[PDB]
Structures are given as C-alpha cells and as structure tokens.
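Respectively, the protein sequence lines represent chains A and B. Using PDB author numbering, the letters of the first sequence map in sequence onto residues 1 to 179, 201 to 286. Using PDB author numbering, the letters of the second sequence map in sequence onto residues -3 to 178, 201 to 286. Below is one structure, written out as structure tokens, with a few remarks after it.
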Amino acid sequence: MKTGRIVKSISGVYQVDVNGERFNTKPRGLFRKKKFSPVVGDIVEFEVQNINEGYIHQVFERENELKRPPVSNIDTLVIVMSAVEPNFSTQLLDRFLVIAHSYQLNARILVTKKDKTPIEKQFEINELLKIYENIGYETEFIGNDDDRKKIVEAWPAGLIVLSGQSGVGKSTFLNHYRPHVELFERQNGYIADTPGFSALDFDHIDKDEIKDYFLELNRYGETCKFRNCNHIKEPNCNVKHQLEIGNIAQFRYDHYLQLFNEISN
Amino acid sequence: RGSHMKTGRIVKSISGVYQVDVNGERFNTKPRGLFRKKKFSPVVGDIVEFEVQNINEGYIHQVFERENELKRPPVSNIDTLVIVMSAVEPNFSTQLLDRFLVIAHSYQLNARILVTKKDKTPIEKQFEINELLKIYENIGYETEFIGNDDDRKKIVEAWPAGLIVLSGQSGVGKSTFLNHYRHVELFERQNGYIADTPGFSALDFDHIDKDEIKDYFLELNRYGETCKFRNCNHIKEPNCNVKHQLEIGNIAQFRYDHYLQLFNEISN
Ligand SMILES: [Zn+2]
Ligand SMILES: [Zn+2]
C-alpha cells in the first residue's frame, strides 16, 4: 500500500504522486457511486500493481474542495490582486477572503504590478497590507523585477491554488509550471495549473457566518454581550468597542456591514 | 443549616489552609491544632472529610487514600491525563508520545491524546497524523486533532467527568484551554475540574524498572499474556506472542521499536 495526492485525472485513470514517483491508479472493481468520483488534490491509499500502476482502496475525506475547477485539499489559496489596472481594492480583497474562508481555505495575499504603481500609491498599499498582517495574513507586493518561480517555491508547504480576477497576472506564475485541472510539483508541494474559478464565488453562505470570515471580528466577537452578536445594532458590542479604540480598521467593518446587508438583501 | 461532616476535593492549597469544594461550595479548612504539629499532608486533588466550623471553614478529619498522584506538580486523584502534542512546531513524534504514555500509566493515570495546530499542518501531514492516531485508538486511547477553528471550552467540557490534568512540553496550546477557567489550583467545569502541568521528564528513569515498561504499552500488556516465557520481555525470548502479533500486523512496528529503545535505555 502507498499514499499520495492525485495530480492528474483522465478517463478514470488517476495519477497519484508518491515522493515524486507517478502511479497510474484506478478504482477497485466494486466502486460506482455519488461518493465515487476522485478529484485532483485527493489523498488516496492505493495498492501498487505492475510497478507504476495501482488500485485505489480509499479516498481520504477532503478537508476542503472547489467544484470549479474540481480540486480538493488546498493548503493555501493565494488571492492575487493588482496594485493598478485595476486599482487595489480592500472591498474586493475583503470579499475574496470571506469566500476563501466560506470554503474553509487558509488564504494569503499577493499584490502584482508594483513596477507600474506610483511609489506614493505603493506606500498606501503597504500600510493597507500591514492591517491584513495585523489580522493574521501573509502578504507580498511584487512586480516584473521579482523572480516569480522563487516566490512560488517559497510559499508554505502543500497545494497552492491561485485566485483573482482576469488580468492581475496569475498565468505569469502558472506558466513556470504549465505550458481539466492538473497539479505541478514545487520543492515542498504542488500548484494547480488552473486558477480557482478566477473571481471566486461564495456557494452557500448565510448572513450569520460572515463575521466568522472577518478573522478579527471573529476574535473580538468572543466577548460581545449578545450570544450570537452580529456587531450591527447590538449594545455592549466588543467589535464596536475595538473599532472605536482603533484595533479594527473602519474599511473592514464597513465591508462587513455591506456584505451582511447584501446577503440578507 | 447543612450537614456537620462533609466530603469533597481540595481545589486550592495556600499556606496551611486547604480550600475544599463540596457540590460547588468552597470551605477553607485546616487541621484543628497549631500548624506546627504536622498531622496531615494534604495535596490539591485530595478527597477529604472535614467538620464544618464558623459557617464556611472546617477542621480536616480524614484524607482518603490517593487513587493516584504526581509529585511535580503535587496533584492527586486525576481522572484523565490529556497528553497535548503539536502536529507542527514542533513536529508530531510517536517516539515522544509513546514515552509520555509510559510515564502516564506508570502513575496509574487513564490517558487520552490531544493533537493541536491542525490549521498550521499541511493536509497530507494531517492525514498521516490521522492514520497514526487510529493506531493509538485500536490500542484503546481516545484521540482528538484540533486547530484554531475548534471550540476549546467546549472540548474541555465534553471530556469524561472528574479531574482533567493537561500534560505536554513548552508551546503546544495548553494555556488556551485553561483561559476559559482561570503551587497548583483546580478550576471548576461542568462535570468536574481542570488543572495545568508542564509535561513529564525525569519521571522515566525516576521510578520505572525495565520489567514494568511492557505493562505500559497497553497492546504489549494484552498480547504478553500468552508468551510462553515467564516475565517475557519480548526481546529474543522464543514463543513470544508480541513478536507473533507484530508479524501479522496487530502491533505497529513503531510501538515495538519504541518499547525496545526504552527497555535498552532503562538497562543502564
Ligand atoms: Zn458584537
Ligand atoms: Zn513475549
């Protein structure tokens, strides 16, 4: 028996990587079901046959997954934002982070097009990224002067998936590895060759979960007077309080309220 | 207005006054003479009978025989020792966990296993760890694997009734469980109490003989019953059921390996 990640799917043959060695595996004889469809990202236990073939015994229960593209067990969603063309937007970035955590994904932030960004504007984005760093995210600000392969190689261990709108430069990263979805090797893991549905979407989300996905509202929410305080019109609200003494950025709370209202309608 | 003689647990010990919890009510008790005359040696966790004096104080009558204890810190009558290990920072070690379980059972403590930092752990490593925890489960331990997402107060509340002591080394996430509650003190929870402790160490080559080690590998204990050899240490003895169960996969190699290393280490 061997364990590894499915990196490639084609006509019901699943290619599992085990310590850099590829095995062309299939489902064992019995399996056809609603719970019988492996995806790229799946961790499987398989029995070796014919040197580099095998028969999948179990698919481990997925920690997470996306439907478009179909990919499971994502270790880090990199949210890719351009500094210009279009302008860096905390409204958009806050939306993306919320959707990331709605799918249970760890996220980090990558800003592109530094070399096309006026330095005064660069310094504005820097102070904004420090508020995201306060909240708990890793942030990077790059342009054409930075080695993209080494950026990708240095990201945390495991499966990287890139997410972000068209034209932010995701393919500039994905073409150091590439030329449906396939995983490619990094020194300490993998990267998917297809972005996470680009401008990512929420799937099902209720108005009461949004505060969970603002990680600082989540934290500061723990002592709000009301049990399930939405931090909107509740008295004795510690989010309102931490906002008032400046440990929550106003744009974060503004975006929270906008999204809360959007989801209710 | 209540009864005269009461039984409960010492939750706090400060300068010769022993605070005793009787059904959620605290009584500050001591021996009924000069503190000098050293009559009782009570420890946090002790079950004691006292006579009620001046409303919410008392005279200790009797400390019941300890079912178990630690000397460091000094705490008796532990219902569950929770061994807290990180998945990462530092890396999960079946070597260290096996050692901790041996110390635990050497003090006749029931143990369970808590792994932290799931959220900092690459998913492929998480599944490796889930696969190792299933082996400890087959051996008969309760196991949990948590990160930041999980509700601590809730987990710490859902553990078996009575006194929980968390044990594990520096920087593993233990402080985080206790902050929903706050030498040593017990804090009330629904269904019992909880306390802290800084992990084990010089407790192996402290009171354990080479011949006891196999008692505290719970599956070696159980399989050892039908070894032909008297006092079988499962090393080179023939007609060894441990060696046999191992050969057919009922004992994990890493368990037998850790047993062998520890045995050789205590032969010094
Ligand atoms: Zn609130
Ligand atoms: Zn034996």
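Every residue, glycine too, gets a C-beta built ideally from N, C-alpha and C.
**Asked** By how many angstroms is the C-alpha of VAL44 of chain A removed from the C-alpha of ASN209 of chain B?
**Response** 40 Å
**Message:** What are the residues in the segment 47 to 65 of chain A lying within 7 Å of chain B by C-beta distance?
**Reply:** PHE60 and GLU63
**Item:** Contacts of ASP75 of chain A in chain B (Cβ-Cβ under 7 Å)
**Value:** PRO118 and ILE119
**Prompt:** Where does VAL48 of chain A sit, in a helix, a strand or coil, going by DSSP?
**Reply:** strand
**Asked** By how many angstroms is the C-alpha of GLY54 of chain A removed from the C-alpha of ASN144 of chain B?
**Response** 37 Å
**Message:** At the 8 Å Cβ level, is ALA154 of chain A part of the contact set with chain B, yes or no?
**Reply:** no
**Asked** Using 8 Å as the limit for Cβ to Cβ distance, is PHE123 of chain B near chain A?
**Response** yes
**Prompt:** With 16 other CB atoms within 10 Å as the buried threshold, where does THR244 of chain B fall?
**Reply:** exposed
**Request:** Please state whether DSSP places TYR211 of chain A in a helix, a strand or coil.
**Result:** strand
**Request:** Taking only beta carbons into account, state which residues of the segment 135 to 164 of chain A come closer than 7 Å to chain B, listed in chain order.
**Result:** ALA157 and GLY158
**Message:** So if I measure from each beta-carbon to every heavy atom of ligand 1 and keep distances below 7 Å, which residues remain?
**Reply:** A:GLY242, A:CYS245, A:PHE247, A:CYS250, A:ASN251, A:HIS252, A:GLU255, A:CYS258, A:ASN259, A:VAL260 and A:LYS261
**Request:** Report the rounded CA-to-CA distance for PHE247 of chain B versus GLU255 of chain B, giving the unit in angstroms.
**Result:** 7 Å
**Asked** Among A:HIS225, A:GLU133 and A:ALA100, which residue has its Cα nearest to the Cα of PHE218 of chain A?
**Response** A:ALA100
**Asked** Does any C-beta atom of chain B lie closer than 8 Å to the C-beta of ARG248 of chain A?
**Response** no
**Asked** Going by the CB atoms, is the gap between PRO38 of chain B and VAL59 of chain B shorter than 8 Å?
**Response** yes
**Message:** Relative to the C-alpha of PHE223 of chain A, which candidate in A:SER89, A:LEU30, A:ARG108 and A:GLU283 has its C-alpha closest?
**Reply:** A:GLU283
**Prompt:** Contact check, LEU174 of chain A vs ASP214 of chain A under 8 Å by CB: the rounded distance?
**Reply:** 6 Å
**Prompt:** Hey, does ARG108 of chain A have any beta-carbon neighbour from chain B nearer than 8 Å?
**Reply:** no
**Message:** What does the Cβ neighbour count give for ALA107 of chain B, buried or exposed, with the cut at 16 atoms within 10 Å?
**Reply:** buried
**Request:** May I ask you to verify whether the segment 113 to 124 of chain B touches the segment 137 to 151 of chain B, counting CB pairs closer than 8 Å and requiring at least 3?
**Result:** yes
**Prompt:** How would you label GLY242 of chain A, buried or exposed, when you count the other beta carbons within 10 angstroms and need 16 or more for buried?
**Reply:** buried
**Request:** Kindly indicate which three-state DSSP category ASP146 of chain B falls into: helix, strand or coil?
**Result:** coil
**Asked** What did DSSP end up calling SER89 of chain B once you bin it into helix, strand or coil?
**Response** coil
**Exposure label - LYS33 of chain B; buried when at least 16 CB within 10 Å** = exposed
**Prompt:** Going straight from the alpha carbon of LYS170 of chain A to that of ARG178 of chain A, what length do you get?
**Reply:** 12 Å
**Item:** Distance between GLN104 of chain B and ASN52 of chain A (C-alpha atoms, nearest Å)
**Value:** 49 Å
**Prompt:** Using the beta-carbon of each residue, which ones in chain B are nearer than 8 Å to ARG5 of chain A?
**Reply:** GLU120
**Item:** Cβ separation of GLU63 of chain A and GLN122 of chain B, assumed to be a contact under 8 Å, to the nearest whole Å
**Value:** 7 Å
**Contacting positions in the segment 27 to 45 of chain A - beta carbon closer than 9 Å to chain B** = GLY41, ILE43 and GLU45
**Request:** Report the option in B:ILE160, B:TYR277 and B:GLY267 whose CA atom is closest to the CA atom of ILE253 of chain B.
**Result:** B:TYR277
**Euclidean distance between Cα positions of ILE125 of chain A and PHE88 of chain A** = 7 Å
**Asked** Are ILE56 of chain A and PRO27 of chain A touching if we call contact CB-CB under 8 Å?
**Response** yes
**Prompt:** Does the distance from the CB of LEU204 of chain B to the CB of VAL40 of chain B come in under 8 Å?
**Reply:** yes
**Request:** Drop a sphere of 10 angstroms on the beta-carbon of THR25 of chain B, count the other beta-carbons inside from all chains shown, and report buried for 16 or more, exposed for fewer.
**Result:** buried
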